[PDB]
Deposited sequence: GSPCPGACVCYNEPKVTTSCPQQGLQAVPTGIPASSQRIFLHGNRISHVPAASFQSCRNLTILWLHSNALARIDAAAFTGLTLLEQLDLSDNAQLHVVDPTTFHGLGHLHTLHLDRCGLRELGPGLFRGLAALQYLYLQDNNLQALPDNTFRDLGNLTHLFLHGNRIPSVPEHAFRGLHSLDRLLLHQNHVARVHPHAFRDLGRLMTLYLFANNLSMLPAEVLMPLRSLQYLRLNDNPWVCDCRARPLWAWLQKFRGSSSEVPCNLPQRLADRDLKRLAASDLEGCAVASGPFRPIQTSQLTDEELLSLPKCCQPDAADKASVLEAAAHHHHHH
């Protein structure tokens, strides 16, 4: 018995599809045999506890482009086979309770982009051992706490761009041994801890453009054995003695890198640090280390 104006069909997967119907709540009577539930484009403001618990075989659930303001901590309880979860484009969600994703051990992709998220609570991504793709871009994040991604040993793509992250601490990206792509551009990153990328030996793409970096210790990039694509443009680089280690690393990098445009000193403005001679990097500009 297909509920409301929903469309129900069996092939290729048992599906209940109710998009863009002005629904203000999760409809009652969703067939328990459903493998895919599409509830995107509605006006759903709240997801109550155990809203899909009847659906033992659910693998795909879309709730994007709704009006979500609150998700109950037990909203996804009993969804042990869930592989894809889409909560994106709910700009007033602001906050997800840290236990909300517990028991989703088959989850492969999690869409949380444009959810207005203010923070990543302790244990929010705990136990998501199968997760491969995590989308956190275009939110309101102000911090990247240590060990936030510690259990995500299978994650290959992490999207964190378009937030307000001020820095990267040492253990922010611990546990991410499979990470392939890390996008951190369009943030406020003013400093990266020397050993922040220790676990990212398989990383192939790193975007750090449009941030607030004036220098980078060479130790930051040393672990990145597999790196092929690097973006560092649109940062206020100081091209003086402090930039020598980054310069030296860039000389031996066999991958592709963006411009690394000097902001200071004036005579080097918009020249590419990558393309300077060592002699250009003598003295202090207008303190740390060599200065």
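Trainee: Deposited sequence versus model: which ranges have no CA atoms?
Mentor: In sequence order, the gaps with no modelled C-alpha are 1-2, 289-308, 314-334.
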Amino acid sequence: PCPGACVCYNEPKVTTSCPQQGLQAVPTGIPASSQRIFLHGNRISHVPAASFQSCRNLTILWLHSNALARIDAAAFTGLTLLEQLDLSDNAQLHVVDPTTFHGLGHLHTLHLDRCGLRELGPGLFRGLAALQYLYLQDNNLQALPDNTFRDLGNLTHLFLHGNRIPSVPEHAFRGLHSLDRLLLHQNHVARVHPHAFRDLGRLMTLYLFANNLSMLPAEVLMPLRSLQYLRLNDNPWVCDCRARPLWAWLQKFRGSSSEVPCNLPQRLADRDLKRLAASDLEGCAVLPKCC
From here on, numbers count along this sequence of modelled residues.
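For clarity, a rigid core is taken as the largest C-alpha set superposing within 1.5 Å between two forms.
Trainee: If you line up the core and then measure how far each C-alpha sits from this form in 7 other deposited structures of this protein, which stretch comes out higher, 230-238 or 46-54?
Mentor: Relative to the shown form, the greater RMS C-alpha distance in 7 other deposited structures of this protein belongs to 46-54.
Trainee: Across the other PDB entries of this protein that were compared, is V286 absent from at least a third?
Mentor: Looking at the other entries that model residues on either side of it, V286 is missing from at least a third.
Trainee: On mean Cα temperature factor in this entry, is 274-282 or 9-17 the higher one?
Mentor: Averaged over C-alpha atoms, the B-factors run higher in 274-282.
Trainee: Would you tell me which stretch averages the higher CA B-factor in the PDB entry, 130-138 or 112-120?
Mentor: Result of the comparison: 112-120.
Trainee: Whose C-alpha has the highest temperature factor in the PDB entry: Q35, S257, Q251, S65?
Mentor: Max CA B-factor in the entry, restricted to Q35, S257, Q251, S65: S257.
Trainee: Between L200, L216, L82, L155, let me know which has the highest C-alpha B-factor in the entry?
Mentor: In this record, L216 carries the highest C-alpha B-factor of the candidates.
Trainee: Comparing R181 with the other modelled residues of its chain, is its CA B-factor in the lowest, middle or highest third?
Mentor: Its C-alpha B-factor, which the entry lists for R181, ranks in the lowest third among residues of this chain.
Trainee: Based on the deposited C-alpha B factors for this chain, I'd like to know if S167 is in the lowest, middle or highest third.
Mentor: For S167, the deposited C-alpha B-factor lands in the highest third.
Trainee: Could you say whether, by C-alpha temperature factor, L39 belongs to the lowest, middle or highest third of its chain?
Mentor: It belongs to the lowest third of the chain when residues are ordered by C-alpha B-factor.
Trainee: By the recorded C-alpha temperature factor, relative to the other modelled residues in its chain, which third is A196 in?
Mentor: As the PDB entry reports it, the C-alpha B-factor of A196 lands in the highest third of its chain.
Trainee: If you rank the chain by CA B-factor, which third does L264 end up in: lowest, middle or highest?
Mentor: According to the entry, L264 has a C-alpha B-factor in the chain's highest third.
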